[PDB]
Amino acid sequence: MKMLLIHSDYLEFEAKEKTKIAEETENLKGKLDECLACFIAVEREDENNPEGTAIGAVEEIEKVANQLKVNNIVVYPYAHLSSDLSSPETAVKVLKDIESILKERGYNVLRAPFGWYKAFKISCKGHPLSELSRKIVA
């Protein structure tokens, strides 16, 4: 897995158009103030263990989010972070599990729609730990 964590003043998104692999979603729009925007590409290597990958992901998000003491998390699918991607079915599963585990761990979570073209607005805080990239293993 590849992840970009952006410590943000806000993140808003608006689904605009479906791709062929668009997911049913219960929020085509969303806004979250002061958050860790986690842009995630679920990778082919992640298919070896999708459940372990979601745990590995939450573990790393916690590591950074505890270091910033942020409780607000956006799970934002972002395929462009990798050139060797997982299947859409597996990616959706991992992203949904990440949201589930984080919610279970008392985090405030917003998940952007998988497989939709989305307008978005983000403001990065710009401190030395405000943009971090992480490679994640199960």
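We number the residues from 1 along the sequence you see.
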Which has higher Cα B-factors on average according to the PDB entry: 91-99 or 23-31?
-> 23-31
Comparing 61-69 with 75-83, which has the greater mean CA B-factor as deposited?
-> 61-69
Of the three thirds of its chain by CA temperature factor, lowest, middle or highest, which one includes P50?
-> highest
Lowest, middle or highest third - CA B-factor, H127 | middle
